[PDB]
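Chemist: the data below comprise the sequence and an experimental structure of the protein.
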Amino acid sequence: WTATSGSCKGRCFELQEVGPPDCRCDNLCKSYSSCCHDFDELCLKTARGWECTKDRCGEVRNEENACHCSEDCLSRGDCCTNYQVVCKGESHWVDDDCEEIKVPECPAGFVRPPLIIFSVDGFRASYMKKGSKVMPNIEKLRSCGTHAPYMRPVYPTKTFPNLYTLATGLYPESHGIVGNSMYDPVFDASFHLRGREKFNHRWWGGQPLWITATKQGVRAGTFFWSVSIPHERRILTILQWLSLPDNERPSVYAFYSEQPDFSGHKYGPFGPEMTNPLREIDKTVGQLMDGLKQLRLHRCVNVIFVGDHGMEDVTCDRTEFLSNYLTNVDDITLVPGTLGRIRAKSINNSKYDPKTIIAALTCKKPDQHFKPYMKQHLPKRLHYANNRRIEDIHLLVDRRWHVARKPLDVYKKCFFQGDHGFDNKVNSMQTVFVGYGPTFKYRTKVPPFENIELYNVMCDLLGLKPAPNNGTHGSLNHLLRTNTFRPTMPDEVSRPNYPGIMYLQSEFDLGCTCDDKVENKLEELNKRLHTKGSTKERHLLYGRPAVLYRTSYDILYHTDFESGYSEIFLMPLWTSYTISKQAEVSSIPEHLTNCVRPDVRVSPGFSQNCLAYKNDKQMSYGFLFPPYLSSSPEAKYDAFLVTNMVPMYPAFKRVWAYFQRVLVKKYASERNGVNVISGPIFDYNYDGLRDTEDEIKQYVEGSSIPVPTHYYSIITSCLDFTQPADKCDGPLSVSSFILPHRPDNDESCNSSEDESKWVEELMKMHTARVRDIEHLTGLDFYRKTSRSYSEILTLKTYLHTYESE
Ligand SMILES: *[C@@H]1O[C@H](CO)[C@@H](O[C@@H]2O[C@H](CO)[C@@H](O[C@@H]3O[C@H](CO[C@H]4O[C@H](CO)[C@@H](O)[C@H](O[C@H]5O[C@H](CO)[C@@H](O)[C@H](O)[C@@H]5O[C@H]5O[C@H](CO)[C@@H](O)[C@H](O)[C@@H]5O)[C@@H]4O)[C@@H](O)[C@H](O[C@H]4O[C@H](CO)[C@@H](O)[C@H](O)[C@@H]4O[C@H]4O[C@H](CO)[C@@H](O)[C@H](O)[C@@H]4O)[C@@H]3O)[C@H](O)[C@H]2NC(C)=O)[C@H](O)[C@H]1NC(C)=O
Ligand SMILES: Cc1nnn(Cc2cc(C(F)(F)F)ccc2CCC(=O)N2CCC(Sc3ccc(C(=O)O)cc3F)CC2)n1
Ligand SMILES: [Ca+2]
Ligand SMILES: [Ca+2]
Ligand code: NA
Ligand code: NA
Ligand SMILES: [Zn+2]
């Protein structure tokens, strides 16, 4: 029910939403069918349009008009945005030269610079270059403000997940808006772009910026806008709220445009029809900036121009149909389109088998334009698993394609030429960021960054303490002139032990063998020194990583590598080594093929054993420091220590061996040395966070040796590649990966070929940020460098994407 016979007289666009059955006058009343009878008449005036003309200047106030050109309009806060231009000889904001805003220049009574978020739907990153001739206001904001060449959205690259990520700083898996369409099974219920289910608060987790603001006594504009409210009226509403008395005026506001997405879907991203929607958005920006300048707020407000995602060319004819792969196509439900999510059609079906569905979708057609995944096997960089609303089965769809269940779904639903939702590293999905105002920097380009980082920055902009989120606070401090948060390194929780030689060979019964009985004072002191850490400055270039949880571990030094060896997990948490440009690759000699050697620094009781590997018919082993990159035949014996061994499926060993034998050396050649930190990851509950011991679901048969879910490496060099990795005076360059530790290579359809035709492609897919690895390991890297901590935080969020320009 609604008693819609109350009135909006004096309540147009009211900020506190009033409860049923009392009728509403706020910017969402239309979307609830709850607006008072007179809302349109009073609050949605349109008479005489949106611009002052010469003839209207000085006019007698007529309250019927949509906006005013009368002499009392500035004081009333309701002039047309162009009033001062037409009626007082002023210039449009866009026509003014840009002048640095060194301090906020605000009217009396302003406690802080307001923040206005100008959000645009489907605003692809390259529009900034390609549409620049038709977007003069946007292009001024961009060149005079702070801007990134692009901003990375979250996956899926859809509207609802990305807007709510912008608002909360959280991955969709955490905030719960995991798609524009979703089914939740604990509610039992379905969320869609249509209908009322999307209004229940129970879908929406986390704490969005407007709630953060309100909880800490910073008043917020209502961010959402009903679709029928035109853009000119949204802008005039924001400008009116900005004229409220000090005690009633919000400090944070949002505008939202449905364009250019709406047109992009119809015409493709660069369709000739796209020029006008870009013109119109720029005009609206101009309205806002002119309106701010009238209110003397244009050198006071911080403005963010931000997109949710980009837009790709997609047409009906590029659709893959599941009914071409499965027999049982009516036993499933598919969430279709630029991603696929599959679940059973019924939970009273015991005859449902995810394994058979995956196998039927795997490498079945030679050009196949999607790949299936169990959600826990998706690239960890997507962070797209830890929610009951994300189906176990996922299809990652090739850019430019769709997936559907049956042909009937595509003709009983060609309409469209653009779409989005693909992998968030795809160039066409990238979107935009510009920050302009006193708190942002002046004429400053910043590197591309992820949208999950902006919540922290918006909180900094408003003097708010951010709710717990997935940004790395400090990583975007380089966007800001002032208001920077001062981050600090997390304290180390566990200090390492530094064991010496404590055990005789015969104390071990590990079932291991090595042909190493081969016998000098010169070289005897020297190797003692290597075991005590004399080469450590070379192999540990950025300090040892800090362990941020309570555990028992040892530092082990060697000629060619250093490691942090966990007595709980029976393997290194990390292994660090430097490979110069000049370093040589060698083979594992024949006599040392199955060599594994007890480590006399580490008790038999805290060691792995070879017998378990022998008995485990599925599980083999590999090494963290590669025997192939030993500095000398003598140092090579160190690589076969039981403390350098890790469990590896034979299928995975093909990937690992190629990485260690070929790719490390290539990277060292190309980057003028690299430092590598490699290690295991355990994420059996796929929450993106380090597992505790008691969460491990798989051990090497008959042992306490836990099986990693993944293996990482972080590969660091000098950004200035004329300087070698081990003598770099300036900023660093990093690429990292998190490889799934899988007993098959079904993910790689070309895996029957030589590793040179597929391994590197796989690794690229599983590119990661350092920060991802930190969450997964409880380690903190880059503790000892010459660089500022904010710069290091930026480095740790970097993702190497492998896309062209
Ligand atoms: C990205 O950033 C986010 C935010 O920082 C990180 O997510 C956090 O991770 C924490 C650890 O996983 C997690 O902490 C747990 O919180 C439990 C209480 O949570 C409620 O309250 C908070 C605060 O207001 C709220 O945010 C939560 O919101 C979630 O759940 C609602 C629905 O209830 C959703 O609407 C919402 O979207 C959100 O869902 C997401 O998180 C939940 C889990 O919280 C997932 O299941 C969802 O899939 C979804 O992703 C909650 O409303 C608290 O009970 C936990 O405490 C247990 O563990 C501790 C460990 O020390 C132990 O002391 C206790 O024994 C306790 O265990 C007891 O309960 C167990 C479970 O029933 C039981 O097994 C035991 O036997 C015991 O009885 C824990 O502290 C935190 O809530 C989330 N926050 C969010 C917002 O997601 C995320 O990790 C970051 N990601 C990366 C990759 O870094
Ligand atoms: C989605 C989403 N998540 N967060 N936002 C707000 C947002 C955040 C940001 C920022 F700063 F973060 F970048 C910028 C702009 C907005 C407004 C989005 C908007 O006016 N829109 C038009 C209505 C549609 S439909 C709809 C209506 C009501 C509700 C509700 O109250 O539950 C939910 C709904 F999905 C939604 C989009 N939108
Ligand atoms: Ca969108
Ligand atoms: Ca985990
Ligand atoms: Na084995
Ligand atoms: Na394969
Ligand atoms: Zn769209």
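Modeler: Okay, I see it. Numbers count the residues shown, from 1 in each chain. Ligands and ions are numbered 1, 2, ... in the order given.
Chemist: any idea which element the residue in the stretch 51-200 of the chain that ligand 6 sits nearest to lies in?
Modeler: Nearest residue of the stretch 51-200 of the chain to ligand 6 (C-beta to the ion) works out as residue 155 at 23.6 Å. Every C-beta, even on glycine, is put in place using the N, C-alpha and C of the backbone. For residue 155, there is no enclosing helix or strand under DSSP states H and E.
Chemist: surely it touches residue 382?
Modeler: Yes: under the criterion of C-beta atoms under 8 Å, residue 155 makes contact with residue 382 at 4.6 Å.
Chemist: got a list of what residue 181 touches?
Modeler: 190, 191, 192, 193, 335 (C-beta atoms under 8 Å, 6 or more residues apart in numbering).
Chemist: go with 7 Å
Modeler: 191, 192, 335 (C-beta atoms under 7 Å, 6 or more residues apart in numbering).
Chemist: tally of neighbours for the second one?
Modeler: Counted with other C-beta atoms under 10 Å, the burial measure for residue 192 works out to 13 neighbours.
Chemist: gap between the closest residue to residue 421 other than its chain neighbours and residue 152?
Modeler: Excluding its sequence neighbours, the residue lying closest to residue 421 (C-beta to C-beta, 6 or more residues apart in numbering) is residue 338, at 3.2 Å. Going from residue 338 to residue 152 by C-beta to C-beta, to the nearest Å gives 17 Å.
Chemist: ok, residue 698 next?
Modeler: From residue 698 to residue 152 the distance is 33 Å (C-beta to C-beta).
Chemist: tell me which of these two has more neighbours.
Modeler: More neighbours surround residue 152 than the other of residue 698 and residue 152, with 24 against 16 (other C-beta under 10 Å).
Chemist: anything in stretch 757-769 sitting right up against ligand 6?
Modeler: No: for a cut-off given as C-beta under 5 Å from the ion, stretch 757-769 has no contacts with ligand 6; the smallest distance is 8.0 Å.
Chemist: ends of that stretch, how far apart?
Modeler: Distance across stretch 757-769, first residue to last, is 25 Å (C-alpha to C-alpha, to the nearest Å).
Chemist: and residue 434, what does it touch?
Modeler: 141, 142, 145, 147, 305 are the contacts of residue 434 under C-beta under 7 Å, 6+ apart.
Chemist: helix, strand, or coil at it?
Modeler: strand (DSSP: H, G, I helix; E, B strand; the rest coil).
Chemist: picking that back up, the residue of the stretch 51-200 of the chain closest to ligand 6 is in contact with residue 422, isn't it?
Modeler: No: using C-beta atoms under 7 Å, residue 155 is not in contact with residue 422; the gap is 8.3 Å.
Chemist: those two: who's more crowded?
Modeler: residue 155 (29 against 26).
Chemist: what sits against that one?
Modeler: 382, 384, 423, 424.
Chemist: thinking again about what came up before, what separates the residue of the stretch 51-200 of the chain closest to ligand 6 from ligand 3, distance-wise?
Modeler: Distance from residue 155 to ligand 3, counting by C-beta to the ion, to the nearest Å: 14 Å.
Chemist: equivalent analysis for residue 578, please.
Modeler: 45 Å.
Chemist: show residues contacting the biggest helix by length in the chain.
Modeler: Taking DSSP state H as the criterion, the chain has its longest helix at helix 275-294. By C-beta under 7 Å, 6+ apart, the list of residues contacting helix 275-294 from outside reads 74, 79, 81-85, 92-94, 118, 120, 127, 131, 134-138, 231-232, 235, 239, 257, 259-260, 263, 298, 301.
Chemist: who does the helix or strand that that helix is followed by pair up with?
Modeler: As assigned by DSSP H and E, the chain's next helix or strand after helix 275-294 is strand 302-307. Here strand 302-307 is paired, per DSSP bridges, with strand 115-121 (parallel), strand 431-436 (antiparallel).
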